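[1] fold the following.
(2 chains, ligands or ions: 1)
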Amino acid sequence: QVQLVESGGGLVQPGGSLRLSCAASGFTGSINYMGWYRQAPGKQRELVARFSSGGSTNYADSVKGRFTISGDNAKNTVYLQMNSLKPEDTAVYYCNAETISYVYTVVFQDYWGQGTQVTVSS
Amino acid sequence: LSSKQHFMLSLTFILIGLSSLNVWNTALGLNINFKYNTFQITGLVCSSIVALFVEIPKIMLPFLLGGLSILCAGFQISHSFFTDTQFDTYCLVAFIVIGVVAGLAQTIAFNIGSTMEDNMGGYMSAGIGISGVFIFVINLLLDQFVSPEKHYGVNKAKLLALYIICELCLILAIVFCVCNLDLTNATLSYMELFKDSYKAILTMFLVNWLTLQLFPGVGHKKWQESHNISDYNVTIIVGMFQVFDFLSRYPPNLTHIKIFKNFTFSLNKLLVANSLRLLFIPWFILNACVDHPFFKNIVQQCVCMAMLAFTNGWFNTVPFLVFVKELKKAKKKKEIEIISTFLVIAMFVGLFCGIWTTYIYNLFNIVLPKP
Ligand SMILES: O=c1[nH]cnc2c1ncn2[C@@H]1O[C@H](CO)[C@@H](O)[C@H]1O
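    Numbering: from 1, shown residues only, chains lettered A, B, ... in the order given. See the structure here:
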């Protein structure tokens, strides 16, 4: 099986920062992208950041200029340093890994992590 | 989707792949005339490339499989009760339509598997490989207990057994398909995507173009014609390809293991790695035009085709696993799916150009004279 392990959830005062770390274990085949999708309480999942195998970074304009995504390929670990926090960023963050195998035919598979709760208040 | 349904569906996809590729595998195993293999490959690539851009309904999969089964029955009937010219005509037309039908069925199965959670394409790939190795094993078990009658250059009882096995496995696949599956119902320009991943498309064409130049043609059909290779040894030589072609697809995918870390390396290094594959062309020709015992050896001919098969499968999967790493301006999900479609087209174009390039070697006096 494929296991996505995350760390970094918690409660932070406004204006603070966090670091979200995600690691992939099985990933049968290659691994094309690793990203973070945040889901607010009572809303749908939305992209926050994405990091390719090569190094291309995608961002959501809500967090543009605040969150910085860093990657690794030997360990397939993705880090997200999230800065200048404000209350509207509270959500549950899901680590997503998009892969590809092509043993005899091309297959695209996405693995989603459990998700870490991130709260900004007080 | 509990464990029972998941197991049933995975088995169904494995059976789909195995039944689809059993016809090609038994055509290779029976030492069928080369033009029939060429026709089958032509039909397969044409149908696959056409069906990539056309969403054919997924209710036609059992019908296509049944058509393949009745075509195998027609093979048996024509071999048993037809003359030379009738058998040849039926073989050519049936192999063309078999290529077309198999391509359409594989496209339908790929579409059905991909458009699901926990995508099932890997199971169909495993089914294809199991088809290859299973046909190999069946050929070896048959060669012990079957007389070599060779009615029209093809063994009689061996053909009958292979095609009844193909029909049986295909009907079982039909039953599984009916029982399990539900068959009821800004972006960058294409030129921009092609300019990014032009190496990946090129590398996919090169590997398939070279390996179909040699294997079914110069590969085991000009060594046998020249050195009078025994029919028992041919199945071993052909088998070394089908066994090692499957087993070489896997190590590139299992890069999380320390052993297979370097199996997916690059695209620039892949281009020069396909150039070293060009050294196979002198090797295959020497096996057919040199007489001293080293080249008239079953051991090195098996190795000469195991190496071709291993590099063929290895270098077919590598461009898929690295093409996303080198591209620059493709970032959406749809674009990468489009690019992956370009790569599979390069595969089928490679198969078509490779199989028809074998006729270039007919000009050269490669094979030894009969005396
Ligand atoms: O129906 C097919 N689907 C996918 N690949 C095929 C098919 N038929 C032949 N080949 C390809 O021919 C080469 C020599 O065996 C193999 O690479 C095989 O993938």
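[2] so chain B: which segments form each domain?
    B:3-180, B:190-362 (automatic domain parsing).
[3] out of those, which comes closest to residue A:46?
    Counting by C-beta to C-beta, residue A:46 lies closest to domain B:190-362 out of these; the figure is 14.8 Å. Yep, even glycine has a C-beta here, placed from its N, CA and C like the rest.
[4] for the residue nearest to residue B:192 when sequence neighbours are not counted, phi and psi?
    In space, and not counting its chain neighbours, residue B:192 is closest to residue B:329: 7.2 Å by C-beta to C-beta, 6 or more residues apart in numbering or on different chains. The phi/psi pair for residue B:329 (degrees, to the nearest 10) reads phi -100, psi 10.
[5] can you give me the distance of residue B:329 to residue B:338?
    Separation of residue B:329 from residue B:338 (C-beta to C-beta, to the nearest Å): 13 Å.
[6] repeat for residue A:78
    Taking C-beta to C-beta, one finds residue A:78 at 25 Å from residue B:338.
[7] quick one, which of those two is more surrounded?
    Using other C-beta atoms under 10 Å in any protein chain shown as the criterion, residue A:78 and residue B:338 rank with residue A:78 on top: 25 against 17.
[8] thought that one was touching residue A:95?
    Yes - Residue A:78 is in contact with residue A:95 according to C-beta atoms under 8 Å; the separation is 7.3 Å.
[9] intersection of neighbour lists for the two?
    Counting by C-beta atoms under 8 Å, 6 or more residues apart in numbering or on different chains, the contacts common to residue A:78 and residue A:95 are A:22, A:34-36.
[10] who are the packing partners of the helix or strand encompassing residue B:128?
    Taking DSSP states H and E as the criterion, the element that holds residue B:128 is helix B:121-145. Applying 3 or more C-beta pairs under 8 Å, 6 or more residues apart in numbering or on different chains; DSSP states H and E, we find helix B:121-145 packed against helix B:3-29, helix B:84-114, helix B:156-180, helix B:231-247.
[11] list the residues that contact the closest residue to residue B:14 other than its chain neighbours.
    Distance criterion C-beta to C-beta, 6+ apart; nearest residue to residue B:14, sequence neighbours excluded, is residue B:127 at 3.7 Å. Listed by C-beta under 8 Å, 6+ apart, the contact set of residue B:127 reads B:13-18, B:21.
[12] please repeat the previous calculation with a cut-off of 6 Å.
    Residues in contact with residue B:127, defined by C-beta atoms under 6 Å, 6 or more residues apart in numbering or on different chains, are B:14, B:17-18.
[13] out of these, who's nearest chain A?
    Each of the contacts of residue B:127 was scored against chain A by C-beta to the nearest C-beta, and residue B:17 proved nearest at 7.5 Å.
[14] is whichever residue of chain A sits closest to the ligand in a helix, a strand, or coil?
    Closest residue of chain A to the ligand, C-beta to the nearest ligand atom: residue A:104 (6.2 Å). What DSSP: H, G, I helix; E, B strand; the rest coil gives for residue A:104 is coil.
[15] distance check, the residue located most distally from the centre of chain B against chain A.
    Among residues of chain B, the one most distant from the C-alpha centroid is residue B:186; the distance is 36.7 Å, by C-alpha atoms, centre = their mean. For residue B:186, the distance to chain A equals 14 Å [C-beta to the nearest C-beta, to the nearest Å].
[16] ok so, going back, which of the contacts of residue B:127 has the largest number of neighbours?
    residue B:17 (27 neighbours).
[17] residues contacting the most centrally placed residue in chain A?
    The centroid of chain A falls nearest to residue A:36 when counting by C-alpha atoms, centre = their mean (2.2 Å). Listed by C-beta under 6 Å, 6+ apart, the contact partners of residue A:36 are A:48-49, A:80, A:93.
[18] among those residues, the buried ones, what's the ChimeraX command?
    Selection command for ChimeraX covering only the buried members of those, criterion 16 or more other C-beta atoms under 10 Å in any protein chain shown:
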select /A:48,49,80,93
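[19] can you lay out the contacts of residue A:36 as a markdown table showing distance to residue B:92 and secondary structure?
    Converted to a markdown table, the contacts of residue A:36 look like this (distance: C-beta to C-beta, whole Å; DSSP: H, G, I helix; E, B strand; the rest coil):
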| residue | distance to residue B:92 | secondary structure |
| --- | --- | --- |
| A:48 | 58 | strand |
| A:49 | 57 | strand |
| A:80 | 61 | strand |
| A:93 | 61 | strand |
